[PDB]
Amino acid sequence: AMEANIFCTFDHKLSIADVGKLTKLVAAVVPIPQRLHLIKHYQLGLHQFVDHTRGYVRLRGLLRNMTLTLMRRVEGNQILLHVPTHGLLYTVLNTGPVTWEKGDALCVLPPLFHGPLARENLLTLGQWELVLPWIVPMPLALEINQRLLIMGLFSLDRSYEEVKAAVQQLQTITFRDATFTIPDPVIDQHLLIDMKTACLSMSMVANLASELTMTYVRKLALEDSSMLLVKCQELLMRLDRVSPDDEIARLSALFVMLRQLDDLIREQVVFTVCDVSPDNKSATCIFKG
Amino acid sequence: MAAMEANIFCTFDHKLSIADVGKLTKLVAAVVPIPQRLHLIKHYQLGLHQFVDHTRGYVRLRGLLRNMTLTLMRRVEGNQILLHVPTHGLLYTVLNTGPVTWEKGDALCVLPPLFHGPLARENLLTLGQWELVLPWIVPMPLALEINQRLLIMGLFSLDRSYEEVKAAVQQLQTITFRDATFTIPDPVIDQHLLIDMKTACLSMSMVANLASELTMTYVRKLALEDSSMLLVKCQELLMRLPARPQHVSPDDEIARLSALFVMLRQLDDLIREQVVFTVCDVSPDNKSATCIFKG
Amino acid sequence: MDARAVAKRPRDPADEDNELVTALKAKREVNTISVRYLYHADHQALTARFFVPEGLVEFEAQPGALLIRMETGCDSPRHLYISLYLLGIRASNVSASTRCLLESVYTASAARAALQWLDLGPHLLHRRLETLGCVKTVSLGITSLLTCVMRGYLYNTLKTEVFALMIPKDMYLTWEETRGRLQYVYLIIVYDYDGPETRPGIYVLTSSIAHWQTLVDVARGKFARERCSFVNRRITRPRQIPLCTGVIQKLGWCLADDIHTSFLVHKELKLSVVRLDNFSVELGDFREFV
Amino acid sequence: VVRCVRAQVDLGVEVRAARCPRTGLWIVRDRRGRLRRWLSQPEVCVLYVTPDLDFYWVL
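Sequence lines, in order, name chains o, n, m and M. Read left to right, the first sequence gives residues 3 to 243, 259 to 306 (the authors' numbering). Read left to right, the second sequence gives residues 1 to 241, 253 to 306 (the authors' numbering). Read left to right, the third sequence gives residues 1 to 290 (the authors' numbering). Read left to right, the fourth sequence gives residues 477 to 535 (the authors' numbering).
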């Protein structure tokens, strides 16, 4: 009567105290890059995806196409992992730094903390370090995405002081008994390529919308059939106060910048809480994939 | 009400020749659409030949295909097709039908076929003024482009000459996705493409109004000191024509970016219709793939 | 590993005994607890348990009703579980007669506090409402205990009674005269961005349409006036950021034949409702559109 | 209600009226709710008085 379980081993000589460190992480969701059956421990967590060169939201895009197992049982020489299926309930540990409550829509985010921190004593080897994805509720995830994206938008004008105080304002967030702070996406007054592609795509779709749409709705008024369409170009006239293959190229690049933004503008709720354990360390959630 | 039968038997009234039963045995564990959801359906309702019209409106076919219930073929025998409408979440194998190579980790969407007709010479169960029509299981970026080019061919064809239209269909019918060339059968402007154009243009007008004082000048400030092939390739599709930000008010920028995300999603869902299968592992000859998200 | 292991027949749960029976039977003891039939083993519906103050559990002694947790900017009572009927004093869709009926049953302390908390923030409703699903039992204390149903059918213990989802008549809305074999249910919040009020209209739609684009293309065709109101308040009042004219989440699905009109009586207040007898809850996120 | 296509003047007329919520103007109907339809007729003119003695003269 065994369940479908993916077995993961370890190649290093894991000591007894390190297993005892590992045994606390029972209901901790760990991603998997590829649904194998027996997998090495180098592909268990985000430390196969750690890149000092690349940014943060590239990891958010690469977390979408993972497989998010749960540590079913920890013992000697192999670790059990449980692939969840849609509809059955599972316990999840609060590996994220945010408190949870009954019925919150949970979403999975790459951890905004890494390396040296007073609570980042994690499962570590000589070169391997286990890092866990964050599990935060839905509106906090939306707000964090907006904060990091706006802080990426201020990457060029950082020399002024109003922008610096704005970065100090956006970098922190108050939540339910949370004085949480995020890291800044810029380091050493130059921006990483992930955030640069994100803000470039957003600025491009905003600029192309500000360029094409007046001409298109002005062309649409000849074949106008709804009063919703004539009044929308009126506000374009209010706000404002070529080769055809290039026009096709402009529309195509607009849709390319639209396609390169779905990793930011939406996210799927993964868990929702049925019950939270007392002291908020764990909770019981149904799956929703 | 009686429950929806997970075991759907399709029957046959034509005299099946032996090659027809042979070609019907090829299509085990494939996708077929059915709108009826009874237990003992006939063969006329099975497939997509009930909706193929003389219009050949491919956008109309995409509009109707989203409402059809997708099932899986199982246990083909004499005059019996046991179909299984799959419950959401579990996994079972599907099989490709078109020449579309797949990957692992991507997603799959349902689609009416491309260059559909006697060009590839499909003898897929032809009997008595009826053909078995198969929806394509296509991956994610192909399903993105196959509606992006649809909407662009809709939007361009307003207020312009017909020779521009005939020069624009041939620039936007080929798709060179993943070592293969596909052609779309007759992209024709209809009322459905019109209402899709109306939704698209309203959303992009509202997001043009919704743009803040900084996000429209980000590339304008960036392109003075930056040099990259990405920035150069995106700059030339714009017109030609230190400084200070006007007023930083991030309390307003959160609301602007939130409603801008809503407008971007409202533009986005015109080409991102439905994820219907997430492929996990393929066969090496790519004839099939075990996948999840069935239903 | 051999031929008989794969050739073994599949396992049925009711044939084999429970865990506790074969645990006690080995060491040869018998206790006063009867363990030969263990309840709630064959219960596919995923459920939970939530507390609620007494001020909200009017129109709730009947089993089967929607339950949406609402947000609250405080710290201690910061989450509160309100029924759909108590949200009826906020919908502009509700007529005056039904509103004056159902506001005359929530004349307690905490009901008006949730009424004020809905109309005190800067945000909309669907940025403060989170659906939990449907109840199936009460407990009726001074702090009543509810059992909500998260995913699956609604039934009693021992499955002897199928509870039914109740929705009031004003929020009900169909867009077809011929219902299919199935029709899903959706929860529709559509905002009226008119001058003095942004008070939305709450609707529960029972449609046979499944694919989401093929739902929103008729959602625009049924709520066009509110779209014009949204763009009108956008063009009229700049330096304001309106968003999400209509928000739709999938509530669940039904059988499209057991849907009939009924009523609930409580404190001799007859309220005409729509009764969905075999409803299976399948919650979804508040998907937003324009 | 006065009217100059026929030089016909109508004296004792009752009108139910309220605001159009989509805008800020007035909507004038009958007690049955006819949505009183002389305002589109180009020849008539009406005088409106309210119970708080507010005055209106509508071309």
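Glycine included, every Cβ here is placed at the ideal spot set by N, Cα and C.
Take residue i and list the residues in its own chain whose beta-carbon comes closer than 6 Å to its own, dropping the five residues that flank it on each side.
i	result
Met68 (chain n)	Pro33 and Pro35
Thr301 (chain n)	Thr93, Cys291 and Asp292
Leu511 (chain M)	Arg505
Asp196 (chain o)	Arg56, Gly57, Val59 and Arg60
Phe289 (chain m)	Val216 and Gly246
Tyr193 (chain m)	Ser229, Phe230, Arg233 and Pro242
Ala45 (chain m)	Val149, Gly152 and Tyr153
Does the distance from the CB of residue i to the CB of residue j come in under 8 Å?
i	j	result
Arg49 (chain m)	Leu145 (chain m)	yes
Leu155 (chain o)	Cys234 (chain n)	no
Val52 (chain m)	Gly152 (chain m)	no
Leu158 (chain o)	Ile137 (chain o)	no
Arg178 (chain n)	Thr101 (chain n)	yes
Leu67 (chain m)	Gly88 (chain m)	no
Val149 (chain m)	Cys254 (chain m)	no
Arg99 (chain m)	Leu118 (chain m)	no
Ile241 (chain m)	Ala120 (chain n)	no
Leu172 (chain o)	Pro261 (chain n)	yes
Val35 (chain m)	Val21 (chain m)	yes
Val522 (chain M)	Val477 (chain M)	yes
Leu275 (chain o)	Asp106 (chain n)	no
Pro256 (chain n)	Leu214 (chain n)	yes
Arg128 (chain m)	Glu71 (chain m)	yes
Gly73 (chain m)	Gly121 (chain m)	yes
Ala143 (chain o)	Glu284 (chain o)	yes
Report the CB separation of residue i from residue j in whole angstroms; it is logged as a contact under 8 Å.
i	j	result
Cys10 (chain n)	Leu83 (chain n)	6 Å
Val59 (chain o)	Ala200 (chain o)	6 Å
residue 244 (chain o)	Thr183 (chain o)	As shown, the structure holds no coordinates for residue 244 (chain o); chain o passes over it, running from 243 to 259.
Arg479 (chain M)	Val520 (chain M)	4 Å
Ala114 (chain m)	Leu86 (chain m)	7 Å
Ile259 (chain m)	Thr206 (chain m)	7 Å
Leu134 (chain n)	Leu124 (chain n)	7 Å
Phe279 (chain m)	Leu154 (chain m)	6 Å
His40 (chain m)	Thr157 (chain m)	7 Å
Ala167 (chain n)	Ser212 (chain o)	Between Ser212 (chain o) and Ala167 (chain n) the Cβ distance is about 28 Å, and since that is not below 8 Å, they are no contact.
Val169 (chain o)	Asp186 (chain o)	7 Å
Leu124 (chain m)	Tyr191 (chain m)	7 Å
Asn93 (chain m)	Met171 (chain m)	6 Å
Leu230 (chain o)	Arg227 (chain m)	6 Å
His39 (chain n)	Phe12 (chain n)	No, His39 (chain n) and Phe12 (chain n) are not in contact; Cβ-Cβ is about 16 Å, not under 8 Å.
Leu182 (chain m)	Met4 (chain n)	6 Å
Closer than 8 Å by C-beta to residue i: which residues in its own chain qualify, once you throw out the five before and the five after it? Chain order, please.
i	result
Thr261 (chain m)	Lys169, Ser272, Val273, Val274 and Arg275
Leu281 (chain o)	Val59, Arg62, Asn147, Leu151 and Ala200
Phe304 (chain o)	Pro86, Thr87, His88, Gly89, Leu90, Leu91, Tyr92, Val287 and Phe288
Short of 7 Å in beta carbon distance, which residues of its chain neighbour residue i, apart from the five on each side in sequence? Order them along the chain.
i	result
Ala108 (chain m)	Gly55
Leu46 (chain n)	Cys10, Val32 and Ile34
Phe286 (chain m)	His126, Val247 and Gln249
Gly180 (chain m)	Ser208 and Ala256
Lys298 (chain n)	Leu95 and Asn96
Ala6 (chain n)	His84 and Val85
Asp190 (chain n)	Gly57, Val59 and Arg60
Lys23 (chain o)	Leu125
I want to check one thing, is the minimum distance from the CB of residue i to the heavy atoms of the ligand ADP below 7 Å?
i	result
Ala111 (chain m)	Although the ligand ADP was asked about, the structure shown includes no ligands whatsoever.
Query raised in the report: Along the chain, which unbroken stretches of the alpha helix (DSSP H) at least 4 residues long are found entirely within the segment 172 to 233 of chain o?
Result: 195 to 222, all fully within the segment 172 to 233 of chain o.
Query - In chain order, each alpha helix (DSSP H) run of at least 4 residues that lies wholly inside the segment 49 to 107 of chain o - result: Correct list: 59 to 66.
**Report entry** Minimum length 4: unbroken alpha helix (DSSP H) runs contained in the segment 251 to 280 of chain m
**Finding:** Entirely contained in the segment 251 to 280 of chain m, not one alpha helix (DSSP H) run reaches 4 residues.
Query raised in the report: Does the segment 203 to 220 of chain o touch the segment 202 to 215 of chain n, meaning 3 or more C-beta pairs lie closer than 8 Å?
Result: A contact exists between the segment 202 to 215 of chain n and the segment 203 to 220 of chain o.
Query raised in the report: Along the chain, which unbroken stretches of the beta strand (DSSP E) at least 3 residues long are found entirely within the segment 155 to 237 of chain m?
Result: Counting whole runs of 3 or more residues, the segment 155 to 237 of chain m contains the beta strand (DSSP E) stretches 165 to 168, 184 to 190 and 201 to 207.
Query raised in the report: Does the segment 156 to 167 of chain m come close enough to the segment 58 to 65 of chain m to have 3 or more Cβ pairs within less than 8 Å?
Result: Under the three-pair Cβ rule at 8 Å, the segment 156 to 167 of chain m counts as touching the segment 58 to 65 of chain m.
**Report entry** Secondary structure, beta strand (DSSP E): runs of 3+ residues fully inside the segment 120 to 150 of chain n
**Finding:** You should have 136 to 139.
Query raised in the report: Using a beta-carbon distance cut-off of less than 9 Å, what residues from the segment 85 to 97 of chain o approach chain B?
Result: Among the protein chains of the structure shown, namely o, n, m and M, there is no chain B.
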